[PDB]
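Source file: data27.cif. Holds: mmCIF, C-alpha atoms.
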```cif
data_model
loop_
_atom_site.label_atom_id
_atom_site.label_comp_id
_atom_site.auth_asym_id
_atom_site.auth_seq_id
_atom_site.Cartn_x
_atom_site.Cartn_y
_atom_site.Cartn_z
CA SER A 5 -5.36 -58.20 -115.74
CA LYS A 6 -7.81 -55.91 -113.97
CA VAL A 7 -11.19 -57.25 -112.80
CA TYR A 8 -14.16 -55.75 -110.95
CA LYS A 9 -16.18 -57.10 -108.04
CA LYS A 10 -19.21 -56.40 -105.92
CA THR A 11 -20.34 -58.04 -102.70
CA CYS A 12 -23.96 -58.31 -101.58
CA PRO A 13 -25.22 -56.73 -98.29
CA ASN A 14 -24.67 -59.69 -95.96
CA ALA A 15 -21.38 -60.42 -97.72
CA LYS A 16 -22.55 -64.00 -98.37
CA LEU A 17 -22.09 -63.60 -102.14
CA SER A 18 -20.07 -61.51 -104.58
CA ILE A 19 -19.75 -61.21 -108.35
CA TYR A 20 -16.77 -60.60 -110.64
CA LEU A 21 -16.52 -59.18 -114.18
CA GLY A 22 -13.52 -58.55 -116.44
CA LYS A 23 -14.71 -55.11 -117.51
CA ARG A 24 -17.45 -52.54 -116.86
CA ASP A 25 -18.20 -51.77 -120.49
CA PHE A 26 -19.03 -54.12 -123.35
CA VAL A 27 -18.89 -53.16 -126.99
CA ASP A 28 -21.67 -53.70 -129.46
CA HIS A 29 -19.98 -54.09 -132.82
CA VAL A 30 -22.93 -54.68 -135.10
CA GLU A 31 -22.77 -58.26 -136.26
CA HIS A 32 -22.03 -59.34 -132.68
CA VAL A 33 -21.67 -58.17 -129.10
CA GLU A 34 -18.86 -58.84 -126.65
CA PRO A 35 -19.65 -61.56 -124.09
CA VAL A 36 -20.32 -60.67 -120.48
CA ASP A 37 -18.29 -63.37 -118.75
CA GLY A 38 -17.35 -63.59 -115.10
CA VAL A 39 -17.77 -65.67 -111.97
CA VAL A 40 -19.61 -65.52 -108.66
CA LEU A 41 -18.06 -66.45 -105.32
CA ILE A 42 -20.37 -68.39 -103.07
CA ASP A 43 -20.69 -69.32 -99.41
CA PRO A 44 -21.62 -73.06 -99.32
CA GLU A 45 -22.47 -73.10 -95.61
CA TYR A 46 -24.72 -70.06 -95.96
CA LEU A 47 -26.25 -71.20 -99.26
CA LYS A 48 -27.82 -74.21 -97.58
CA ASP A 49 -29.62 -76.01 -100.40
CA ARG A 50 -30.33 -72.89 -102.48
CA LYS A 51 -29.39 -72.19 -106.09
CA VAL A 52 -27.45 -69.15 -107.31
CA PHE A 53 -28.71 -67.35 -110.42
CA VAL A 54 -27.24 -64.57 -112.53
CA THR A 55 -29.47 -62.39 -114.72
CA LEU A 56 -28.82 -59.69 -117.32
CA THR A 57 -31.63 -57.29 -118.09
CA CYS A 58 -32.01 -54.52 -120.65
CA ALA A 59 -34.67 -52.15 -119.35
CA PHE A 60 -36.26 -48.90 -120.41
CA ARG A 61 -37.33 -46.63 -117.55
CA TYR A 62 -39.22 -43.36 -117.57
CA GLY A 63 -39.82 -41.01 -114.67
CA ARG A 64 -38.52 -41.00 -111.10
CA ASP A 65 -36.49 -37.84 -110.48
CA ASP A 66 -32.77 -38.04 -109.58
CA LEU A 67 -33.00 -41.15 -107.36
CA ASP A 68 -36.53 -41.67 -105.99
CA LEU A 69 -39.57 -39.39 -105.81
CA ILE A 70 -43.20 -40.52 -106.15
CA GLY A 71 -44.79 -39.14 -109.33
CA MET A 72 -45.24 -41.00 -112.60
CA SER A 73 -43.21 -43.97 -113.82
CA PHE A 74 -43.07 -46.52 -116.61
CA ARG A 75 -40.79 -49.52 -116.89
CA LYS A 76 -40.30 -52.18 -119.54
CA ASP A 77 -37.91 -55.12 -119.83
CA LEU A 78 -36.93 -55.25 -123.50
CA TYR A 79 -34.56 -58.15 -123.02
CA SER A 80 -33.44 -60.47 -120.24
CA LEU A 81 -31.21 -63.50 -119.81
CA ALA A 82 -31.16 -65.65 -116.65
CA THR A 83 -28.96 -68.58 -115.72
CA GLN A 84 -28.47 -71.01 -112.87
CA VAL A 85 -24.76 -70.69 -112.11
CA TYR A 86 -24.76 -72.89 -109.01
CA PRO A 87 -25.06 -75.77 -108.81
CA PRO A 88 -23.41 -76.05 -112.26
CA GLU A 89 -24.23 -78.59 -114.98
CA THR A 90 -23.03 -78.21 -118.56
CA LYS A 91 -19.24 -77.99 -118.25
CA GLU A 92 -18.28 -75.67 -121.10
CA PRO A 93 -15.34 -73.67 -122.59
CA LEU A 94 -14.24 -71.35 -119.84
CA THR A 95 -12.75 -68.04 -121.05
CA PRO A 96 -9.10 -67.22 -120.20
CA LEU A 97 -10.07 -64.61 -117.61
CA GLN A 98 -12.59 -67.01 -116.10
CA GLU A 99 -9.77 -69.54 -115.86
CA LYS A 100 -7.75 -67.08 -113.78
CA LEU A 101 -10.61 -65.84 -111.61
CA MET A 102 -11.20 -69.43 -110.51
CA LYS A 103 -7.50 -70.14 -109.96
CA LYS A 104 -7.58 -67.08 -107.70
CA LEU A 105 -10.94 -66.99 -105.90
CA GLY A 106 -10.77 -70.71 -105.19
CA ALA A 107 -13.25 -73.56 -105.49
CA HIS A 108 -16.31 -71.58 -104.45
CA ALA A 109 -16.21 -69.52 -107.64
CA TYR A 110 -18.61 -70.54 -110.43
CA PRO A 111 -18.54 -69.17 -114.00
CA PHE A 112 -21.39 -67.63 -115.99
CA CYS A 113 -21.34 -66.08 -119.45
CA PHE A 114 -23.82 -63.87 -121.26
CA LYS A 115 -23.77 -63.58 -125.04
CA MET A 116 -26.30 -60.87 -125.81
CA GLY A 117 -28.05 -60.92 -129.13
CA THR A 118 -27.69 -58.19 -131.73
CA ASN A 119 -29.94 -55.21 -132.46
CA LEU A 120 -30.46 -54.34 -128.79
CA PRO A 121 -30.28 -50.66 -127.82
CA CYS A 122 -27.11 -49.35 -126.24
CA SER A 123 -26.86 -47.61 -122.87
CA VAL A 124 -28.64 -44.26 -122.78
CA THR A 125 -29.42 -42.07 -119.76
CA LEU A 126 -31.09 -38.65 -119.83
CA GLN A 127 -31.89 -36.20 -117.03
CA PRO A 128 -34.38 -33.31 -117.67
CA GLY A 129 -33.26 -29.70 -117.55
CA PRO A 130 -34.80 -26.19 -117.01
CA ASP A 131 -35.74 -25.95 -120.69
CA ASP A 132 -37.19 -29.43 -121.07
CA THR A 133 -40.73 -30.76 -120.73
CA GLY A 134 -40.10 -34.48 -120.22
CA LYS A 135 -38.90 -36.63 -117.30
CA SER A 136 -35.76 -38.68 -116.57
CA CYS A 137 -35.48 -41.81 -118.70
CA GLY A 138 -32.99 -44.34 -119.94
CA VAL A 139 -32.05 -47.76 -121.29
CA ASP A 140 -30.11 -49.82 -118.75
CA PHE A 141 -28.23 -53.13 -118.66
CA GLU A 142 -28.32 -54.63 -115.21
CA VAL A 143 -26.54 -57.74 -113.97
CA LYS A 144 -27.88 -59.37 -110.79
CA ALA A 145 -26.60 -62.38 -108.86
CA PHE A 146 -28.73 -63.83 -106.06
CA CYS A 147 -29.63 -66.88 -103.95
CA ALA A 148 -33.09 -68.43 -104.31
CA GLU A 149 -35.20 -71.54 -104.89
CA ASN A 150 -36.15 -70.50 -108.41
CA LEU A 151 -36.39 -67.46 -110.70
CA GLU A 152 -40.05 -67.22 -109.72
CA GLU A 153 -39.22 -66.19 -106.15
CA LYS A 154 -39.43 -62.50 -105.30
CA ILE A 155 -35.86 -61.25 -104.92
CA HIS A 156 -34.74 -59.68 -101.65
CA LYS A 157 -31.84 -57.23 -101.65
CA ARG A 158 -30.12 -58.69 -98.58
CA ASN A 159 -28.69 -61.69 -100.48
CA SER A 160 -28.28 -60.33 -104.00
CA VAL A 161 -25.89 -57.96 -105.80
CA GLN A 162 -26.81 -55.66 -108.66
CA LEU A 163 -24.42 -54.27 -111.25
CA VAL A 164 -25.03 -51.80 -114.09
CA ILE A 165 -22.75 -52.39 -117.07
CA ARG A 166 -22.66 -50.30 -120.23
CA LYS A 167 -23.15 -51.60 -123.75
CA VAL A 168 -21.50 -49.07 -126.04
CA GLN A 169 -21.76 -48.85 -129.83
CA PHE A 170 -18.97 -49.22 -132.39
CA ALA A 171 -19.32 -48.70 -136.16
CA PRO A 172 -18.76 -51.95 -138.17
CA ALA A 173 -15.29 -52.60 -139.56
CA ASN A 174 -17.51 -54.01 -142.30
CA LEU A 175 -18.52 -50.52 -143.44
CA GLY A 176 -17.62 -48.60 -146.58
CA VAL A 177 -18.95 -47.35 -149.92
CA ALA A 178 -19.51 -43.90 -148.37
CA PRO A 179 -21.55 -41.54 -150.63
CA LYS A 180 -20.43 -38.06 -149.49
CA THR A 181 -21.82 -36.03 -146.59
CA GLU A 182 -22.00 -32.62 -148.23
CA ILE A 183 -24.57 -29.93 -148.83
CA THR A 184 -24.93 -26.64 -150.63
CA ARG A 185 -27.86 -24.23 -150.55
CA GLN A 186 -28.67 -20.74 -151.78
CA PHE A 187 -30.29 -17.98 -149.77
CA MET A 188 -31.63 -14.84 -151.43
CA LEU A 189 -30.80 -11.50 -149.85
CA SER A 190 -32.33 -8.61 -151.81
CA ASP A 191 -32.60 -10.80 -154.93
CA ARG A 192 -28.94 -11.86 -154.84
CA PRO A 193 -27.54 -15.33 -153.93
CA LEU A 194 -25.58 -16.25 -150.81
CA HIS A 195 -24.31 -19.79 -151.38
CA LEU A 196 -23.24 -21.72 -148.29
CA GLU A 197 -21.71 -25.18 -148.69
CA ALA A 198 -20.55 -27.66 -146.02
CA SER A 199 -19.05 -31.15 -146.01
CA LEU A 200 -17.58 -33.81 -143.76
CA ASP A 201 -14.47 -35.81 -144.63
CA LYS A 202 -15.61 -39.11 -143.04
CA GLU A 203 -18.61 -41.40 -142.59
CA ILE A 204 -18.29 -42.16 -138.89
CA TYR A 205 -16.63 -40.19 -136.13
CA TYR A 206 -15.69 -41.39 -132.64
CA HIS A 207 -15.95 -39.83 -129.19
CA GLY A 208 -12.94 -37.69 -128.31
CA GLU A 209 -12.07 -37.38 -132.01
CA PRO A 210 -11.76 -34.19 -134.15
CA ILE A 211 -14.49 -33.46 -136.70
CA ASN A 212 -13.34 -31.40 -139.68
CA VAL A 213 -16.06 -29.38 -141.35
CA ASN A 214 -15.37 -27.87 -144.76
CA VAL A 215 -17.13 -24.58 -145.43
CA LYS A 216 -17.39 -22.80 -148.77
CA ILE A 217 -19.25 -19.51 -148.95
CA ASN A 218 -19.88 -17.66 -152.21
CA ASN A 219 -21.50 -14.38 -151.19
CA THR A 220 -22.64 -12.56 -154.32
CA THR A 221 -24.87 -10.25 -152.28
CA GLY A 222 -24.13 -6.72 -151.15
CA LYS A 223 -24.47 -7.85 -147.54
CA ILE A 224 -21.79 -9.06 -145.14
CA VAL A 225 -21.52 -12.27 -143.17
CA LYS A 226 -20.09 -11.09 -139.86
CA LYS A 227 -20.07 -14.41 -138.06
CA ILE A 228 -19.78 -18.09 -138.85
CA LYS A 229 -20.82 -20.52 -136.14
CA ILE A 230 -20.26 -24.27 -136.15
CA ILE A 231 -22.35 -26.40 -133.82
CA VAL A 232 -22.67 -30.10 -133.16
CA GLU A 233 -26.30 -30.75 -132.30
CA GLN A 234 -27.68 -33.77 -130.46
CA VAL A 235 -31.25 -34.85 -131.17
CA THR A 236 -32.81 -37.24 -128.68
CA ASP A 237 -36.18 -38.87 -129.28
CA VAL A 238 -37.86 -40.86 -126.53
CA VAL A 239 -40.08 -43.18 -128.54
CA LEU A 240 -41.56 -45.52 -125.96
CA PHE A 241 -43.82 -44.12 -123.23
CA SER A 242 -43.77 -40.34 -123.75
CA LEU A 243 -42.69 -38.87 -127.11
CA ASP A 244 -40.24 -36.37 -125.59
CA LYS A 245 -37.90 -34.43 -127.88
CA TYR A 246 -34.53 -32.86 -127.06
CA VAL A 247 -32.39 -30.84 -129.47
CA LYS A 248 -29.19 -29.66 -127.80
CA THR A 249 -25.90 -28.06 -128.75
CA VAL A 250 -23.02 -30.26 -127.59
CA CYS A 251 -20.29 -28.14 -129.20
CA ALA A 252 -20.12 -24.58 -130.53
CA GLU A 253 -17.16 -23.01 -132.32
CA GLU A 254 -17.95 -19.33 -132.86
CA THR A 255 -15.30 -17.61 -134.93
CA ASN A 256 -14.12 -14.26 -136.31
CA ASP A 257 -14.34 -15.08 -140.01
CA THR A 258 -16.21 -12.57 -142.13
CA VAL A 259 -17.22 -12.60 -145.79
CA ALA A 260 -17.44 -9.22 -147.45
CA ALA A 261 -19.69 -8.37 -150.37
CA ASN A 262 -18.98 -10.08 -153.70
CA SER A 263 -16.53 -12.33 -151.88
CA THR A 264 -15.94 -16.02 -151.35
CA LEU A 265 -14.47 -18.00 -148.47
CA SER A 266 -13.17 -21.56 -148.31
CA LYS A 267 -12.19 -22.75 -144.85
CA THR A 268 -12.00 -25.83 -142.65
CA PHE A 269 -13.28 -25.82 -139.09
CA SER A 270 -12.28 -28.55 -136.66
CA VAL A 271 -14.28 -29.31 -133.52
CA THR A 272 -14.44 -32.11 -130.97
CA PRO A 273 -17.78 -32.73 -129.21
CA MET A 274 -17.11 -33.81 -125.63
CA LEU A 275 -19.39 -34.24 -122.64
CA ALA A 276 -16.54 -32.80 -120.57
CA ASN A 277 -16.66 -29.46 -122.42
CA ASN A 278 -20.37 -29.13 -121.62
CA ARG A 279 -21.38 -27.11 -118.58
CA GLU A 280 -25.05 -28.05 -118.73
CA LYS A 281 -25.34 -31.85 -118.89
CA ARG A 282 -29.10 -31.96 -118.31
CA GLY A 283 -31.17 -32.54 -121.43
CA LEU A 284 -28.35 -34.51 -123.06
CA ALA A 285 -28.40 -38.17 -124.00
CA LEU A 286 -25.51 -39.83 -122.15
CA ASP A 287 -24.32 -43.43 -121.92
CA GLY A 288 -24.27 -43.32 -118.13
CA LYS A 289 -24.87 -41.17 -115.05
CA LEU A 290 -23.82 -37.50 -115.04
CA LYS A 291 -21.85 -37.81 -111.80
CA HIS A 292 -19.61 -40.40 -113.41
CA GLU A 293 -16.21 -39.70 -114.93
CA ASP A 294 -16.26 -42.39 -117.65
CA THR A 295 -19.65 -41.27 -118.96
CA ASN A 296 -19.77 -39.98 -122.55
CA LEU A 297 -22.36 -38.60 -124.94
CA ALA A 298 -24.68 -41.37 -126.12
CA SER A 299 -23.71 -42.89 -129.48
CA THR A 300 -25.70 -42.54 -132.68
CA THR A 301 -28.54 -45.08 -132.42
CA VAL A 302 -28.13 -47.72 -135.12
CA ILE A 303 -31.60 -48.04 -136.63
CA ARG A 304 -32.43 -50.83 -139.06
CA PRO A 305 -35.31 -51.20 -141.56
CA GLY A 306 -38.12 -53.62 -140.78
CA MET A 307 -37.76 -53.06 -137.04
CA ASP A 308 -40.09 -51.10 -134.80
CA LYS A 309 -38.04 -48.13 -133.55
CA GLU A 310 -39.97 -48.25 -130.26
CA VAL A 311 -38.11 -51.36 -129.09
CA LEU A 312 -35.08 -49.08 -128.85
CA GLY A 313 -36.68 -46.83 -126.23
CA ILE A 314 -34.48 -43.82 -126.99
CA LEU A 315 -33.24 -42.61 -130.40
CA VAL A 316 -30.08 -40.54 -130.53
CA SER A 317 -28.72 -38.82 -133.62
CA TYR A 318 -26.38 -35.92 -134.38
CA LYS A 319 -26.00 -33.04 -136.79
CA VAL A 320 -23.33 -30.51 -137.70
CA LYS A 321 -24.80 -27.09 -138.40
CA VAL A 322 -23.18 -24.02 -139.97
CA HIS A 323 -24.76 -20.67 -139.08
CA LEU A 324 -23.95 -17.40 -140.79
CA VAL A 325 -24.92 -14.10 -139.22
CA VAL A 326 -25.73 -11.81 -142.16
CA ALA A 327 -26.25 -8.08 -141.60
CA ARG A 328 -28.71 -6.04 -143.73
CA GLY A 329 -25.47 -4.55 -144.99
CA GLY A 330 -22.90 -5.78 -142.51
CA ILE A 331 -22.01 -2.36 -141.11
CA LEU A 332 -22.78 0.42 -138.60
CA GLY A 333 -25.89 -0.03 -136.48
CA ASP A 334 -27.67 -2.03 -139.19
CA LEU A 335 -27.40 -4.79 -136.60
CA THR A 336 -30.82 -5.82 -137.90
CA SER A 337 -29.13 -9.03 -139.04
CA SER A 338 -30.42 -12.35 -140.32
CA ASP A 339 -29.30 -15.95 -140.02
CA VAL A 340 -28.85 -18.65 -142.68
CA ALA A 341 -27.81 -22.21 -142.00
CA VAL A 342 -27.26 -25.65 -143.45
CA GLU A 343 -26.95 -28.97 -141.71
CA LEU A 344 -25.44 -32.40 -142.26
CA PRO A 345 -26.06 -35.71 -140.45
CA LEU A 346 -23.30 -36.88 -138.11
CA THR A 347 -22.77 -40.46 -136.98
CA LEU A 348 -20.90 -40.53 -133.65
CA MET A 349 -19.77 -43.93 -132.27
CA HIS A 350 -17.33 -45.38 -129.73
CA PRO A 351 -13.60 -45.64 -130.73
CA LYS A 352 -13.32 -49.46 -130.72
CA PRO A 353 -11.59 -52.09 -128.55
CA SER A 354 -8.09 -53.23 -129.48
CA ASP A 355 -6.47 -56.66 -129.49
CA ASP A 363 -1.47 -61.09 -112.25
CA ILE A 364 -5.11 -60.28 -111.45
CA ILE A 365 -5.72 -56.88 -109.85
CA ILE A 366 -9.12 -56.81 -108.13
CA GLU A 367 -10.88 -53.45 -108.08
CA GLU A 368 -14.30 -52.46 -106.70
CA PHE A 369 -16.90 -52.12 -109.50
CA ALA A 370 -18.49 -48.83 -108.39
CA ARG A 371 -17.63 -46.25 -111.07
CA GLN A 372 -15.62 -43.32 -109.70
CA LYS A 373 -17.22 -39.88 -109.42
CA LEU A 374 -15.13 -37.02 -110.75
#
```
Target encoding structure tokens, full file:
Amino acid sequence: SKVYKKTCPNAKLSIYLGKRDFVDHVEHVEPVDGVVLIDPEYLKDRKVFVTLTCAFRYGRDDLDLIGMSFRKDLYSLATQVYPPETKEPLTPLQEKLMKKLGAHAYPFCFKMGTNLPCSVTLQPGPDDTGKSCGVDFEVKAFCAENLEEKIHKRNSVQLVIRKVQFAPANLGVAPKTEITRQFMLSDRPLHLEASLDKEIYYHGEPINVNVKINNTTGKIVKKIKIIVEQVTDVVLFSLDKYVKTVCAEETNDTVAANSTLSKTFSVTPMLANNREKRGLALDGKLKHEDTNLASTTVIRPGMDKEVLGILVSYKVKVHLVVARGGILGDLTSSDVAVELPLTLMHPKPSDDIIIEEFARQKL
């Protein structure tokens, strides 16, 4: 099995995890189990703690500037890993890590609660008003007298894991994501209908959009555009709003006068296919290869949406370019469009130790 590690500055302490990403199903979240390797001689009479913090941050350009900033811990777990105490059910991978690292390896396990927001990072672009912001999950291991002590970077390691969202296997009874509207052009109807075949789609997966157009007008639809739109709402500090196209399939398809058209478009929204990544809600840093578009934010009734920090949702839109009589220079055209909600979630996990450095690779 593959595991990931990180050593603190003075190399007097390192931490190990079985994976970089942890899936949030909905009823439960995957445990964050691992071990820390300690230096007994160095750690003369000190305790070793391991904390997991979910934090919302706003401001601070790229890495570090000066301007405005806001920070809020929405959730945090802390544990004394060394010296140990309650001897409890070690996980298989923990078993191995200890058989490998030796006797100076002590286990720790974090079982996050449910309803917490998933990883979301956003960096402002040329057409945006807000500032950088995000929801992070940081894992720190350090040496100290107690959790009250100010923590110094020299003898502590920090790790940023991702908590990604999967759509419950306990989901069904899907209504039907479809829509049909009428648009009057010179007193005559232009019906445009769209529908999705599924309830939830997953990153890297094809989305089939059914389009039915009943054009009873004397005008001509010269273009049909299909876009996947991402709507990001920062709901904590500053109420910033981002509405971005994360996929656009512009086609040839035309619909003459007194004509109908039934067709199925198929598009796959992918952070990779996007040139401009600024302004988009991601689940990690832009410079990283494993980073994807943020998942649809699962919002539940009775809960304050602000505790989520950032709200991410998607839409599929169908745009028709209609010309005042689709011909000649009458390029004095109009646009008509319909939209449908789109829930985009992570695929889902499936059922000798090779140690790798934790740092995510830059593509």
As a check of understanding, name the residues that the PyMOL selection byres ((chain A and resi 22) around 10) selects in the supplied structure, as a PDB file with C-alpha atoms, in the frame of the given file.
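What landed in expr_16.pdb:
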```
ATOM      1  CA  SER A   5      -5.360 -58.200-115.740  1.00  0.00           C
ATOM      2  CA  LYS A   6      -7.810 -55.910-113.970  1.00  0.00           C
ATOM      3  CA  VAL A   7     -11.190 -57.250-112.800  1.00  0.00           C
ATOM      4  CA  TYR A   8     -14.160 -55.750-110.950  1.00  0.00           C
ATOM      5  CA  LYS A   9     -16.180 -57.100-108.040  1.00  0.00           C
ATOM      6  CA  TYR A  20     -16.770 -60.600-110.640  1.00  0.00           C
ATOM      7  CA  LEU A  21     -16.520 -59.180-114.180  1.00  0.00           C
ATOM      8  CA  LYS A  23     -14.710 -55.110-117.510  1.00  0.00           C
ATOM      9  CA  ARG A  24     -17.450 -52.540-116.860  1.00  0.00           C
ATOM     10  CA  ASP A  25     -18.200 -51.770-120.490  1.00  0.00           C
ATOM     11  CA  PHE A  26     -19.030 -54.120-123.350  1.00  0.00           C
ATOM     12  CA  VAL A  36     -20.320 -60.670-120.480  1.00  0.00           C
ATOM     13  CA  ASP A  37     -18.290 -63.370-118.750  1.00  0.00           C
ATOM     14  CA  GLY A  38     -17.350 -63.590-115.100  1.00  0.00           C
ATOM     15  CA  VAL A  39     -17.770 -65.670-111.970  1.00  0.00           C
ATOM     16  CA  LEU A  97     -10.070 -64.610-117.610  1.00  0.00           C
ATOM     17  CA  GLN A  98     -12.590 -67.010-116.100  1.00  0.00           C
ATOM     18  CA  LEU A 101     -10.610 -65.840-111.610  1.00  0.00           C
ATOM     19  CA  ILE A 364      -5.110 -60.280-111.450  1.00  0.00           C
ATOM     20  CA  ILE A 366      -9.120 -56.810-108.130  1.00  0.00           C
TER      21      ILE A 366
END
```
Enumerate, as a PyMOL selection string, the residues matched when the PyMOL selection byres ((chain A and resi 243-259) around 9) is run on the file above.
chain A and resi 132-135+217-219+223-242+260-265+269-275+277-278+283-285+297
Shortest interatomic distance to residue 368 of chain A - which of A:209, A:220, A:89, A:18, counting all atoms listed in the file:
A:18
What gap, in Å, lies between atom CA of residue 294 of chain A and atom CA of residue 173 of chain A?
24.2 Å
Using the chain letters and numbering of this document, enumerate as JSON, numbers by chain the residues selected by the PyMOL selection byres ((chain A and resi 165) around 8).
{"A": [24, 25, 26, 140, 141, 142, 143, 163, 164, 166, 167]}
Residues within 8 Å of (-26.5, -21.5, -150.3), file coords, only C-alpha atoms, listed as a VMD selection string:
chain A and resid 184 to 187 193 to 197 217 to 218
Separating atom CA of residue 47 of chain A from atom CA of residue 151 of chain A, to the nearest tenth of an Å, is a gap of 15.7 Å
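Among the candidates A:15, A:352, A:118, A:152, the residue lying nearest to residue 304 of chain A is A:118 (atoms considered: all atoms listed in the file).
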Let me have the centre and edge lengths of the axis-aligned box enclosing all listed atoms of segment 17-26 of chain A with 5 Å padding on every side, in Å to one decimal, as AutoDock Vina command-line options.
```
--center_x -17.8 --center_y -57.7 --center_z -112.7 --size_x 18.6 --size_y 21.8 --size_z 31.2
```
